[PDB]
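**Student:** Have a look at the structure that comes next, please.
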Amino acid sequence: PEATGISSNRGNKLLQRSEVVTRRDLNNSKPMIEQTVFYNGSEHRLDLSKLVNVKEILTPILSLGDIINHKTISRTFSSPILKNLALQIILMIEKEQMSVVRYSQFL
Amino acid sequence: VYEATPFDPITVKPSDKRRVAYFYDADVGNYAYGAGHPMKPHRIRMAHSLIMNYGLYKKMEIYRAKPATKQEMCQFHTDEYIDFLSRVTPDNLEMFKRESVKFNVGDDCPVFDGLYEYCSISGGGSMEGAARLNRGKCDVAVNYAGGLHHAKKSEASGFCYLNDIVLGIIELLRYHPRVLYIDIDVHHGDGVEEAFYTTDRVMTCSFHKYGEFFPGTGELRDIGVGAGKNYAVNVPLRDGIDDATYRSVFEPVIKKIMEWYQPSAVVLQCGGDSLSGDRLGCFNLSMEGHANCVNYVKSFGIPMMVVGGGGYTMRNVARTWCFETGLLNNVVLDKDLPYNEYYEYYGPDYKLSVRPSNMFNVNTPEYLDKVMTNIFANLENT
Amino acid sequence: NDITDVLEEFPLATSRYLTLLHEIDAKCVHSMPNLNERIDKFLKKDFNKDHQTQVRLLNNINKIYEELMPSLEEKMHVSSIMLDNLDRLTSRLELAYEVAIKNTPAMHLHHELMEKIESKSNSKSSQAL
Amino acid sequence: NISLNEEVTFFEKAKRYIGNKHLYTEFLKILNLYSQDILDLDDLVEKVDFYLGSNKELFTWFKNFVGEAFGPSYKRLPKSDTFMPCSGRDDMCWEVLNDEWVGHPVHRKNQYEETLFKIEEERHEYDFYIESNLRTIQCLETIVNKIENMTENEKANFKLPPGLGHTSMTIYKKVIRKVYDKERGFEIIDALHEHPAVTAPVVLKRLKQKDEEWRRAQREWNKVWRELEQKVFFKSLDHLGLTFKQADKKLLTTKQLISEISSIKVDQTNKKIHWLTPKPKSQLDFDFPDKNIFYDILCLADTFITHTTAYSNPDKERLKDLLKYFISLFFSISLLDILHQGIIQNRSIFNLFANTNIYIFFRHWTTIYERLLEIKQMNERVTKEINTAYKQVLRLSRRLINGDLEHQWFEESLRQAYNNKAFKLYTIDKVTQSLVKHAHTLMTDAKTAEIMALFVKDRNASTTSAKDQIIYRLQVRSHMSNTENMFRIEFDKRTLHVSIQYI
Amino acid sequence: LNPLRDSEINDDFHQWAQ
Ligand SMILES: [Zn+2]
C-alpha cells in the first residue's frame, strides 16, 4: 500500500513511494502528489471513476432537460444565494441611508 | 493525577470582555511557498475573509503592524543569519549556497519572493502585539500572521525563518517580571523552548506528538538547566488524541503551573495542524476541542497574546482560527458559513463545523496519568 | 448554456467586492457612533450656554469628519468597480438570454464539436488509463 | 505501428543469428516468461547474455531497447562555539537568554483523505494562478496607462528594467511563462524589457483574454470538483470503517488462516524465546457461550440458499439440512441419526482431524461468531445510551442477502448505534457467502466426504483409546496427500470451548 | 481551418513584424 502520513522513514521503505519522506523534513504531502499520463500529446494530472461520473460535463440538449439534469445545473438554478446577496446589498443601503439623512440634516 | 472527563459544549465567560486587537496585513496572503508545498499563507487570507464576511469586525480593533527592522530582529537572532536572510533571493541562491547549507535553507525552508518581507511582517506583528499588551492599551493580541516557533537563533527549519514568538516574549519581559508560553501545535516548539532554558523568566510548555516526528525533541525529562530548572514543562502525547482527552491532559497542567509559576503575562500558540483531516497532523481534535484551550487560558483573566501557526488544509485551519477569534471576544459563533470569495472551498455542506474523524485513539489513560505524574512531580520542586 | 456560466460568475465577483466593502466598513466602524453622538449633542437646545463649548464641539466634529472622508472615498472607489464589473456580467447574461430566446449558428455548433472531442478524450482517459 | 517493424526486423535478425530451432524456442519461452511479469530486467539481460551475447551489435540493440552533555536531548556547546555576535542584544537579553546549550534530536491516512488533499491542492493551484494573473494584469495596466500619456520620443527609447515596478520581480515571470510556452517565455520577457511600447499592449490583451478563459475553465472544473467532494467527503470520516473493510477483504484467503496458526506457533511455541518452559499443546482459544446466535445465522444461511443465483433445487434441499446436521453433530443441539491404560470412559474432550477445507469452514464460523460475541457485552449499554438492539441489527442484516436492502445503508445504520465500539459488522454478507461456498465445496469433494465420514465414525464412539486416535490419523492420511498441511481441532463440551492446533 | 491555438500565438509575433 501507498505510504501517506508517516514522518519516520525507518521501516516504511517497503511501502509504495515513501522515498521522498524522512524524519529530517516536515513536508509529508509528497507521496500523494499527482502523477501525469501523456494522452493525445498532452499530459494529464490524474474507485472515484465508478462512484462519480466525469462525463456529466456534457452540455444540455435543446429538449429542455433542465429539471432532470446532472446534479449540477439544478444546484445553480436552485441556489438561493442571489436572494441573500440582494438582502445584504439592501441592508448596506439602509445602513448608508441613515447616515445620508444625518449629513443631510447637518448640511 | 489524570482523571477521565467527558467533553462538554463551550460556553463563553461573560465575566470579562477584554479588548481584542486582531493584527493583520493584506500583503501576507500574496506570498507563496511553492507548487506542491503544504504550507500556505493563503489560509490567513481565508480566515480573514471568513471573519470579515461573518460580522465580527464591530467588536475588535483591526490593526496593520509595521514590519520589523533588522536591528529589532537582532535582539535574538545573529547578525550573520539575518544578513543572509535579507540578502538571499530566489535568483542568487547559487552564490549563497555556502550559507544555504550552513543555515539550513532550501530543503524545508524554500526561498521565495518577499521572504524577508514575510519574516519582517511576522516579527513586526508579534512585536506590535507585545507592545500593545505591555502599554496596557489592550489585553488580547490575535497575531495570526505569526506563529513561527521552529526557527532557532542561527537556523531556519520547519517552514520557520524568524522566531517572532521569542521577540514578543522579550518585549513582554521589558517590563514584566515573569512570562509564560503555551503550545497547541502538534510539533514541538524547539526554538522557543531552547531560547530560555537557563533562566526563570520564561516557561515553555508544548503539547507535542513525540517519537518519530519532525522535531524529535521535547521528552518528559527536558526539565531545564541551571537556574531555569523545573521551568520548562513538556507534555508529549501520541497519535489520535481527541477533544476530551486533550482537555483532561491540558487543563490541570495549566492550572497547577499558574498556581505555582504565577505568570504575569501569557502567550498562546494556536497551531491548526492538530485537527481532524489535517495533512501533516496526526490528531483528531475538532474546532470545539481546539477552541477549548484558548477559552480556558482566557478564562483566567491574564494578559494573553494569540499567535497563529500551522494549518495545512485550508478549511480546517480557517474555521478553527475564525472560531478562536470569535471566542476571544466572548461571543459564540453562528456556525453557518456566509457566502464569500472562498465559499466553494468550504466542503460539500458549507457548514462551519467540521466533524472529527473516527480513527482509533492511542493515548492510554495510565500513560497519561504517569506523564502528568512526572510533570507535577518536577513542577512541585519550585 | 452561457446563462449558467454567468449565474456561476455573479456570486464570486459580488462576494469579493462585498468582502472589500466589509473591510472598509471595519476600518472606520468605531467612529460612526461617536459622530452621531456629537451631532445629537450639538443639536440639543440646552447647549448654546457657553461659546467655548460650541467651539470645542465643532472642532471635534471637524476632526471626526476629517478622519471619515478617506473611508467614504474608498467606498466610492470599490462601489464603482462593483458597478462596472456587474455591468459587464449583466451584459453577458442578457445577450445570452436574447440569443437563447430568439430561436426558441454554425459557429456555436462547432464549439459543441470542439467540446465533444474533449469529452471523448476524457472518457477514453479512463479506458486507456 | 511506426515503431514495430524495426523491432520485428531486429528479432528476425536475432533468430537468424541464433540459427537453432530449439534455442530459438527457448528464447521465445524466455521472452514469454518475461511478458508475464515474472522475470526481472536484470535477470532478463543476464539470460540474453547467454544467447545473443555472441553478437555484440544485437546484444547492444536489445540492451538499449529494453532499458559535556546535560539532559537527555540537550548538549552543551563548547566555549568557542558560544560567540555568535548579535548587535540588537541589550543587558537583559544577555542575562535572560541562553547561548551555551543546544537541543539535539535523538498511521496510514485513508485514501479519501488523500483524494481531498489532492482536490484542495488543485483548487489552490488554480487560485494562485488566477491571483498571479490578476496581479500581472494590474501591473501591465498601470504600465500601459503610464506609457500611453508618454510622448513618442520617450516611447522610442523606452526601456523596461527588470522588476516592472513590482514588489517581486519573479511574480510576473511565472505568469508570462504560463500564458506562453516555456521556450518563448524568456524571449517575451526580454522583449518586454527592451521593447515595452509594442509588447505591453498585446501582452496585456493576451492576459485579459486568458483571465476570462481560465475563470471559465475553473468554473467548468468546479462541477466535477463539487461532485467529487459531495460523494467522497462523507466516506472520508471512517478511518476504522474502511481500513477494517479492506482488512476483511484481504483476510479470508486460504493461505492467510493457516498463516496465522503457523506464525503463532513458530513465534511463541516452536521458537521458545523464553527457553524456560515447554511449548503449549494448543495455539488458539475459542468459546461458544450462547446458542441463540445459531438459529439466526442458520436463517441467514437459508436466506442465501433461497436467494442464490447459481444453485440447483436438489442441491438447495440438501443445503437446507446440511447446516442443521453440522450444528447438531458438533454442538449436540436440536446411521439414520448421521444422515439426519488410555481407555477413558464417558469422554468429554473430542478431537477432529481434517484438511484445509474443514479448517477454513471452522475459521469462517468463528470469525463470524466473534463479531457477534463482542456486541453481547454492549447491547444493553447501547440500548441505554440511544434513548438518553439485537433484533434491530438482525432484521437490518436480513434484508441485505435477500436483496431487500442495498449495501450502502448497512454501513450508516450502525454508525449512530455505535460511534466507535463496533467496527466489524460491516461485511457480514461477504463472510456469510464465503462460509456457504466453503460448505458447498466441503460437501461436493469426495476426499472431504471421506474425511467427514471418518470424523462421523470417530465422534459416534463415546469412548476413545490411545491406538484409536492413531488409527484415525492413519485412515485420514491414507487418502490424504503428505504435502498438505496437517491441522487438528479439539472441542471441549465441559466449557463449550473449541480449541485448535497446527500440526 | 478550425483551430484553437498554434495560430494566434503566431499572429502575435506576425503583428510584431508588421
Ligand atoms: Zn505544526
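Following the order of the C-alpha cells, first chain is A, next is B, and so on, with residues numbered from 1 inside each chain and ligands from 1 in the order they appear.
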Kindly determine which residues of chain E lie within 9 Å of chain D, considering only C-alpha atoms, and give the answer as a list in words.

**Tutor:**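 In the required form, that comes to residues 9, 12 and 16 of chain E.
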
**Student:** Select, as a list in words, those residues of chain E with any atom no more than 12 Å from chain C (distances computed using only C-alpha atoms).

**Tutor:** residues 1, 2, 3 and 4 of chain E

**Student:** Okay, now the selection with N, CA and C atoms, as a compact mmCIF listing (two decimals), in the first residue's frame?

**Tutor:**
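Done, and the output landed in result.txt:
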```
# COMPACT_ATOMS: atom_id res chain seq x y z
N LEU E 1 -10.06 25.19 -41.84
CA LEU E 1 -9.28 25.59 -40.68
C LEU E 1 -10.18 25.86 -39.47
N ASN E 2 -10.16 24.94 -38.51
CA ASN E 2 -10.94 25.07 -37.27
C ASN E 2 -10.04 24.84 -36.06
N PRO E 3 -9.06 25.73 -35.83
CA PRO E 3 -8.13 25.53 -34.72
C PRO E 3 -8.53 26.26 -33.45
N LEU E 4 -7.78 26.04 -32.38
CA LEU E 4 -7.93 26.79 -31.13
C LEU E 4 -6.67 27.57 -30.78
```

**Student:** Would you list which chain A residues are within 10 Å of chain C using only C-alpha atoms, as a ChimeraX atom specification?

**Tutor:** /A:37-40,44,46,49,53-62,73,76-77,79,81-82,85,88-89,92,99,102-103,105-106

**Student:** Mind dumping the selected residues with N, CA, C and O atoms as a short mmCIF file (atom, residue, chain, number, x, y, z; two decimals), in the first residue's frame?

**Tutor:**
```cif
data_model
loop_
_atom_site.label_atom_id
_atom_site.label_comp_id
_atom_site.auth_asym_id
_atom_site.auth_seq_id
_atom_site.Cartn_x
_atom_site.Cartn_y
_atom_site.Cartn_z
N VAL A 37 -0.06 11.44 -17.13
CA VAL A 37 -0.16 10.48 -18.22
C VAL A 37 -0.27 11.27 -19.52
O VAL A 37 -1.16 12.11 -19.65
N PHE A 38 0.61 10.99 -20.47
CA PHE A 38 0.62 11.71 -21.75
C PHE A 38 -0.37 11.04 -22.69
O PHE A 38 -0.09 9.97 -23.25
N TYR A 39 -1.53 11.66 -22.87
CA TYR A 39 -2.56 11.18 -23.77
C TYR A 39 -2.90 12.27 -24.78
O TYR A 39 -3.12 13.42 -24.41
N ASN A 40 -2.94 11.89 -26.06
CA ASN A 40 -3.21 12.81 -27.16
C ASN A 40 -2.24 13.99 -27.15
O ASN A 40 -2.61 15.14 -27.39
N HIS A 44 -1.73 14.84 -18.37
CA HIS A 44 -2.94 14.95 -17.58
C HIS A 44 -2.63 14.55 -16.15
O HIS A 44 -2.15 13.44 -15.91
N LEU A 46 -3.57 13.03 -13.28
CA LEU A 46 -4.54 12.07 -12.75
C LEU A 46 -4.66 12.18 -11.24
O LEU A 46 -3.66 12.32 -10.54
N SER A 49 -13.79 6.90 -10.30
CA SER A 49 -14.41 6.91 -11.62
C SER A 49 -15.79 6.26 -11.59
O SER A 49 -16.73 6.74 -12.24
N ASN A 53 -19.35 10.01 -11.96
CA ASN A 53 -19.20 10.15 -13.40
C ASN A 53 -18.55 11.49 -13.73
O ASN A 53 -18.83 12.50 -13.09
N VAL A 54 -17.67 11.48 -14.72
CA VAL A 54 -16.95 12.69 -15.12
C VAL A 54 -17.59 13.23 -16.40
O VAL A 54 -17.60 14.44 -16.64
N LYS A 55 -18.16 12.33 -17.20
CA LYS A 55 -18.82 12.69 -18.44
C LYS A 55 -20.11 13.49 -18.23
O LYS A 55 -20.80 13.78 -19.21
N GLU A 56 -20.45 13.84 -16.99
CA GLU A 56 -21.62 14.67 -16.73
C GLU A 56 -21.43 16.11 -17.20
O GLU A 56 -22.40 16.88 -17.19
N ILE A 57 -20.21 16.49 -17.60
CA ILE A 57 -19.94 17.82 -18.11
C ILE A 57 -20.74 18.11 -19.38
O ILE A 57 -20.96 19.27 -19.72
N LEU A 58 -21.23 17.06 -20.05
CA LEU A 58 -21.86 17.20 -21.36
C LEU A 58 -22.98 18.23 -21.32
O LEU A 58 -23.81 18.25 -20.41
N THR A 59 -22.98 19.11 -22.33
CA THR A 59 -23.88 20.25 -22.35
C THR A 59 -25.34 19.80 -22.50
O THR A 59 -25.62 18.77 -23.11
N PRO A 60 -26.28 20.57 -21.94
CA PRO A 60 -27.70 20.21 -22.09
C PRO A 60 -28.12 20.25 -23.54
O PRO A 60 -27.66 21.08 -24.33
N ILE A 61 -29.02 19.34 -23.90
CA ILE A 61 -29.60 19.32 -25.24
C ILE A 61 -30.79 20.26 -25.27
O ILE A 61 -31.34 20.65 -24.24
N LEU A 62 -31.21 20.62 -26.48
CA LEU A 62 -32.26 21.61 -26.69
C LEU A 62 -33.67 21.07 -26.46
O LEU A 62 -34.64 21.71 -26.87
N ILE A 73 -26.61 21.47 -12.76
CA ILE A 73 -27.48 22.55 -13.23
C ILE A 73 -28.54 22.87 -12.18
O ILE A 73 -28.82 24.04 -11.91
N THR A 76 -27.37 25.18 -9.28
CA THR A 76 -27.30 26.61 -9.55
C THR A 76 -28.67 27.24 -9.73
O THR A 76 -28.93 28.33 -9.20
N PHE A 77 -29.57 26.58 -10.46
CA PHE A 77 -30.92 27.11 -10.63
C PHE A 77 -31.73 27.07 -9.34
O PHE A 77 -32.71 27.81 -9.22
N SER A 79 -30.10 27.55 -6.38
CA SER A 79 -29.29 28.27 -5.40
C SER A 79 -30.00 29.54 -4.97
O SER A 79 -30.30 30.40 -5.81
N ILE A 81 -28.75 31.91 -3.35
CA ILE A 81 -27.70 32.86 -2.97
C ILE A 81 -27.99 34.26 -3.51
O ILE A 81 -27.62 35.25 -2.88
N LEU A 82 -28.66 34.36 -4.66
CA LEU A 82 -28.97 35.67 -5.21
C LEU A 82 -29.86 36.47 -4.27
O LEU A 82 -29.68 37.68 -4.09
N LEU A 85 -27.74 37.75 -1.43
CA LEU A 85 -26.94 38.88 -1.89
C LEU A 85 -27.78 40.14 -1.97
O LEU A 85 -27.34 41.22 -1.57
N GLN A 88 -28.35 41.44 1.55
CA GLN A 88 -27.16 42.08 2.09
C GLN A 88 -26.94 43.46 1.47
O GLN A 88 -26.61 44.42 2.18
N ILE A 89 -27.13 43.57 0.15
CA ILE A 89 -26.95 44.86 -0.51
C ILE A 89 -27.95 45.87 0.02
O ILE A 89 -27.60 47.02 0.31
N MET A 92 -27.02 47.06 3.48
CA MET A 92 -25.98 48.07 3.38
C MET A 92 -26.57 49.40 2.92
O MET A 92 -26.15 50.47 3.38
N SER A 99 -27.11 57.30 7.64
CA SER A 99 -26.06 58.30 7.71
C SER A 99 -26.30 59.42 6.71
O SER A 99 -26.02 60.59 7.00
N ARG A 102 -28.54 61.78 8.11
CA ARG A 102 -27.84 62.53 9.15
C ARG A 102 -27.03 63.69 8.56
O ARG A 102 -27.13 64.83 9.04
N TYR A 103 -26.23 63.42 7.53
CA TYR A 103 -25.45 64.51 6.95
C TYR A 103 -26.33 65.50 6.20
O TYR A 103 -25.99 66.68 6.11
N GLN A 105 -29.28 66.51 7.24
CA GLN A 105 -29.70 67.43 8.29
C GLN A 105 -28.56 68.36 8.70
O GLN A 105 -28.74 69.58 8.82
N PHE A 106 -27.36 67.79 8.91
CA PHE A 106 -26.23 68.60 9.34
C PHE A 106 -25.78 69.60 8.27
O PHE A 106 -25.08 70.56 8.59
#
```

**Student:** Quick one: everything within 7 Å of stretch 494-502 of chain D, counting only C-alpha atoms, minus sequence neighbours fewer than 6 positions away in the same chain. Send it as a tab-separated table (two decimals) with N, CA, C and O atoms, in the first residue's frame.

**Tutor:**
```
chain	number	residue	atom	x	y	z
D	261	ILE	N	-1.93	-19.49	12.29
D	261	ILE	CA	-1.55	-20.52	13.25
D	261	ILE	C	-0.08	-20.88	13.11
D	261	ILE	O	0.62	-21.07	14.11
D	262	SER	N	0.42	-20.98	11.87
D	262	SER	CA	1.83	-21.29	11.70
D	262	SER	C	2.71	-20.20	12.30
D	262	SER	O	3.73	-20.49	12.93
D	282	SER	N	-1.81	-26.37	22.49
D	282	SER	CA	-2.69	-25.71	21.54
D	282	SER	C	-2.18	-24.30	21.22
D	282	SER	O	-1.21	-23.81	21.80
D	283	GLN	N	-2.86	-23.65	20.27
D	283	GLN	CA	-2.48	-22.32	19.82
D	283	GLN	C	-3.55	-21.28	20.11
D	283	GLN	O	-3.26	-20.24	20.71
D	284	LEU	N	-4.79	-21.52	19.70
D	284	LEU	CA	-5.87	-20.55	19.82
D	284	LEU	C	-6.96	-21.08	20.74
D	284	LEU	O	-7.18	-22.29	20.83
D	285	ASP	N	-7.64	-20.16	21.41
D	285	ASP	CA	-8.73	-20.48	22.32
D	285	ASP	C	-10.00	-19.80	21.84
D	285	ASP	O	-9.99	-18.61	21.52
D	286	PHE	N	-11.10	-20.56	21.80
D	286	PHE	CA	-12.38	-20.04	21.36
D	286	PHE	C	-13.47	-20.51	22.32
D	286	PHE	O	-13.34	-21.54	22.98
D	287	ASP	N	-14.55	-19.74	22.38
D	287	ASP	CA	-15.67	-20.03	23.26
D	287	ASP	C	-16.98	-19.90	22.50
D	287	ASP	O	-17.11	-19.07	21.59
D	288	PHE	N	-17.95	-20.73	22.87
D	288	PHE	CA	-19.30	-20.71	22.30
D	288	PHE	C	-20.30	-20.66	23.44
D	288	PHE	O	-21.01	-21.64	23.70
D	289	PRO	N	-20.40	-19.53	24.14
D	289	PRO	CA	-21.27	-19.49	25.32
D	289	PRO	C	-22.75	-19.43	24.99
D	289	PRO	O	-23.55	-20.08	25.68
D	348	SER	N	-15.39	-36.39	27.50
D	348	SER	CA	-15.95	-35.07	27.26
D	348	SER	C	-15.11	-34.22	26.32
D	348	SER	O	-15.60	-33.20	25.82
D	486	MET	N	-1.09	-30.38	7.95
D	486	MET	CA	-1.95	-31.09	8.89
D	486	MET	C	-2.39	-30.15	10.01
D	486	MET	O	-1.57	-29.43	10.59
D	487	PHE	N	-3.69	-30.17	10.31
D	487	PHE	CA	-4.26	-29.42	11.41
D	487	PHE	C	-5.06	-30.36	12.30
D	487	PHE	O	-5.41	-31.47	11.91
D	488	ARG	N	-5.37	-29.89	13.51
D	488	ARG	CA	-6.19	-30.64	14.44
D	488	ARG	C	-7.08	-29.69	15.22
D	488	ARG	O	-6.66	-28.60	15.60
```

**Student:** At a cut-off of 12 Å, list the chain A residues touching chain D, using only C-alpha atoms, as JSON, numbers by chain.

**Tutor:** {"A": [1, 2, 3, 4, 5, 6, 7, 8, 12, 15, 23, 24, 28, 29, 30, 31, 32, 33, 34, 35, 45, 46, 47, 48, 49, 50, 51, 52, 53, 54, 55, 56, 57, 58, 59, 70, 71, 72, 73, 74, 75, 76]}

**Student:** Mind writing the picked residues with N, CA and C atoms as a compact mmCIF listing (two decimals), in the first residue's frame?

**Tutor:**
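Result file is again.txt:
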```txt
# COMPACT_ATOMS: atom_id res chain seq x y z
N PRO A 1 0.81 -1.22 0.00
CA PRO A 1 0.00 0.00 0.00
C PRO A 1 0.84 1.27 0.00
N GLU A 2 0.27 2.36 -0.50
CA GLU A 2 0.97 3.64 -0.53
C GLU A 2 1.14 4.19 0.88
N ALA A 3 2.28 4.84 1.11
CA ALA A 3 2.63 5.40 2.41
C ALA A 3 2.33 6.89 2.40
N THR A 4 1.24 7.28 3.06
CA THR A 4 0.85 8.68 3.18
C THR A 4 0.56 8.99 4.64
N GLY A 5 1.30 9.94 5.20
CA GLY A 5 1.07 10.37 6.56
C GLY A 5 2.00 9.74 7.57
N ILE A 6 3.26 9.55 7.19
CA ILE A 6 4.28 9.00 8.08
C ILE A 6 5.52 9.86 7.98
N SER A 7 6.11 10.19 9.13
CA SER A 7 7.28 11.05 9.20
C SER A 7 8.48 10.33 9.81
N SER A 8 8.55 9.01 9.64
CA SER A 8 9.61 8.21 10.24
C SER A 8 10.68 7.80 9.24
N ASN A 12 9.39 1.87 6.84
CA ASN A 12 8.34 2.05 5.84
C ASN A 12 8.89 2.14 4.42
N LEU A 15 6.94 0.33 1.62
CA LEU A 15 5.67 0.78 1.06
C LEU A 15 5.88 1.53 -0.26
N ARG A 23 12.39 11.72 8.51
CA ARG A 23 12.24 12.38 9.80
C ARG A 23 12.85 13.78 9.79
N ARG A 24 13.85 14.00 8.92
CA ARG A 24 14.55 15.28 8.91
C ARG A 24 13.63 16.43 8.51
N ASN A 28 5.26 16.08 4.28
CA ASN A 28 4.91 14.69 4.02
C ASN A 28 3.80 14.56 2.99
N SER A 29 3.49 15.63 2.26
CA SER A 29 2.47 15.57 1.21
C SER A 29 3.02 15.08 -0.12
N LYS A 30 4.34 14.90 -0.22
CA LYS A 30 4.93 14.44 -1.47
C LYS A 30 4.38 13.11 -1.97
N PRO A 31 4.15 12.09 -1.13
CA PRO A 31 3.66 10.81 -1.67
C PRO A 31 2.37 10.91 -2.46
N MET A 32 1.45 11.80 -2.08
CA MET A 32 0.19 11.93 -2.79
C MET A 32 0.21 13.02 -3.85
N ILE A 33 1.39 13.46 -4.28
CA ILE A 33 1.48 14.36 -5.42
C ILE A 33 1.04 13.61 -6.67
N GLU A 34 0.13 14.22 -7.43
CA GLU A 34 -0.48 13.55 -8.57
C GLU A 34 0.55 13.26 -9.66
N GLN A 35 0.34 12.16 -10.36
CA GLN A 35 1.18 11.75 -11.47
C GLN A 35 0.51 12.11 -12.80
N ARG A 45 -2.90 15.45 -15.20
CA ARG A 45 -2.63 15.19 -13.78
C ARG A 45 -3.76 14.34 -13.20
N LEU A 46 -3.57 13.03 -13.28
CA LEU A 46 -4.54 12.07 -12.75
C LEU A 46 -4.66 12.18 -11.24
N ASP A 47 -12.30 3.80 -5.94
CA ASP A 47 -12.62 3.95 -7.36
C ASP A 47 -13.50 5.16 -7.60
N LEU A 48 -12.86 6.33 -7.75
CA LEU A 48 -13.62 7.56 -7.95
C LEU A 48 -14.35 7.57 -9.29
N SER A 49 -13.79 6.90 -10.30
CA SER A 49 -14.41 6.91 -11.62
C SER A 49 -15.79 6.26 -11.59
N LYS A 50 -15.93 5.15 -10.87
CA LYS A 50 -17.23 4.49 -10.78
C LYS A 50 -18.18 5.27 -9.88
N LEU A 51 -17.69 5.76 -8.74
CA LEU A 51 -18.56 6.49 -7.82
C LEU A 51 -19.06 7.79 -8.44
N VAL A 52 -18.19 8.52 -9.12
CA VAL A 52 -18.52 9.82 -9.69
C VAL A 52 -18.30 9.76 -11.19
N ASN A 53 -19.35 10.01 -11.96
CA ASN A 53 -19.20 10.15 -13.40
C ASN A 53 -18.55 11.49 -13.73
N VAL A 54 -17.67 11.48 -14.72
CA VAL A 54 -16.95 12.69 -15.12
C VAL A 54 -17.59 13.23 -16.40
N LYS A 55 -18.16 12.33 -17.20
CA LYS A 55 -18.82 12.69 -18.44
C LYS A 55 -20.11 13.49 -18.23
N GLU A 56 -20.45 13.84 -16.99
CA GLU A 56 -21.62 14.67 -16.73
C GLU A 56 -21.43 16.11 -17.20
N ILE A 57 -20.21 16.49 -17.60
CA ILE A 57 -19.94 17.82 -18.11
C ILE A 57 -20.74 18.11 -19.38
N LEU A 58 -21.23 17.06 -20.05
CA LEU A 58 -21.86 17.20 -21.36
C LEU A 58 -22.98 18.23 -21.32
N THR A 59 -22.98 19.11 -22.33
CA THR A 59 -23.88 20.25 -22.35
C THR A 59 -25.34 19.80 -22.50
N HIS A 70 -27.81 17.05 -14.49
CA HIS A 70 -26.68 16.27 -13.99
C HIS A 70 -26.20 16.76 -12.63
N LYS A 71 -27.13 16.91 -11.69
CA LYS A 71 -26.83 17.20 -10.29
C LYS A 71 -26.06 18.51 -10.12
N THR A 72 -25.79 19.21 -11.21
CA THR A 72 -25.04 20.45 -11.20
C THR A 72 -25.84 21.64 -11.68
N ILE A 73 -26.61 21.47 -12.76
CA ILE A 73 -27.48 22.55 -13.23
C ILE A 73 -28.54 22.87 -12.18
N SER A 74 -29.13 21.84 -11.58
CA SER A 74 -30.13 22.07 -10.54
C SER A 74 -29.53 22.78 -9.34
N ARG A 75 -28.25 22.54 -9.04
CA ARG A 75 -27.62 23.19 -7.90
C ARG A 75 -27.59 24.70 -8.07
N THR A 76 -27.37 25.18 -9.28
CA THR A 76 -27.30 26.61 -9.55
C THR A 76 -28.67 27.24 -9.73
```

**Student:** At a cut-off of 6 Å and counting only C-alpha atoms and all ligand atoms, what residues surround ligand 1? Please answer as a short mmCIF file (atom, residue, chain, number, x, y, z; two decimals) with C-alpha atoms, in the first residue's frame.

**Tutor:**
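Written out: part19.cif:
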```cif
data_model
loop_
_atom_site.label_atom_id
_atom_site.label_comp_id
_atom_site.auth_asym_id
_atom_site.auth_seq_id
_atom_site.Cartn_x
_atom_site.Cartn_y
_atom_site.Cartn_z
CA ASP B 185 0.80 22.72 17.66
CA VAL B 186 1.28 19.00 17.03
CA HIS B 187 5.01 19.58 16.57
CA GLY B 271 -1.25 25.62 15.64
CA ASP B 273 -2.45 21.22 12.16
CA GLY B 310 0.48 25.55 11.37
#
```

**Student:** Could you list, as a PyMOL selection string, the residues of chain D having an atom within 7 Å of chain B when counting only C-alpha atoms?

**Tutor:** chain D and resi 71-73+84-89+96-98+102-103+105-106+113+168+170+226+229-230+237-240+420

**Student:** Given a cut-off of 6 Å, which residues of chain C touch chain B, counting only C-alpha atoms, written out as a short mmCIF file (atom, residue, chain, number, x, y, z; two decimals) with N, CA and C atoms, in the first residue's frame?

**Tutor:**
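The file below, part.cif, is the result:
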```cif
data_model
loop_
_atom_site.label_atom_id
_atom_site.label_comp_id
_atom_site.auth_asym_id
_atom_site.auth_seq_id
_atom_site.Cartn_x
_atom_site.Cartn_y
_atom_site.Cartn_z
N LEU C 12 -19.34 35.11 -7.21
CA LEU C 12 -17.92 35.19 -6.86
C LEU C 12 -17.43 36.63 -6.85
N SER C 15 -19.15 38.70 -4.14
CA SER C 15 -18.68 38.41 -2.80
C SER C 15 -17.28 38.97 -2.57
N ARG C 16 -16.41 38.92 -3.58
CA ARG C 16 -15.10 39.55 -3.45
C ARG C 16 -15.25 41.04 -3.14
N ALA C 26 -15.07 48.00 8.34
CA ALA C 26 -14.36 47.62 9.55
C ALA C 26 -13.37 48.70 9.98
#
```

**Student:** Select, as a PyMOL selection string, those residues of chain D with any atom no more than 9 Å from chain C (distances computed using only C-alpha atoms).

**Tutor:** chain D and resi 215-216+219-220

**Student:** Which neighbours of stretch 473-477 of chain D fall inside 8 Å, counting only C-alpha atoms, when residues of the same chain fewer than 4 positions from it are skipped, and could you give them as a list in words?

**Tutor:**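 Listed by chain and then number, they are residues 353, 354, 450, 451, 454, 469, 481 and 482 of chain D.
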
**Student:** Where does DSSP see alpha helix (DSSP H) in chain E, if you list the residues as a list in words?

**Tutor:**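 Those residues are residues 8, 9, 10, 11, 12, 13, 14, 15 and 16 of chain E.
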
**Student:** How many Å separate atom CA of residue D:319 from atom CA of residue D:360?

**Tutor:**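 Atom CA of residue D:319 sits 17.9 Å away from atom CA of residue D:360.
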
**Student:** Of the candidates B:33, B:84, B:213, B:24, which shows the shortest atom-to-atom distance to chain A, using only C-alpha atoms?

**Tutor:**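 The answer is B:213, which sits nearest to chain A.
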
**Student:** Please, which residues of stretch 234-433 of chain D, numbered as in this document, come out strand (DSSP E or B) from DSSP, as a list in words?

**Tutor:**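 Residues of stretch 234-433 of chain D classed as strand (DSSP E or B): residues 284, 285, 286, 287, 344, 349, 350, 351, 352, 353 and 354 of chain D.
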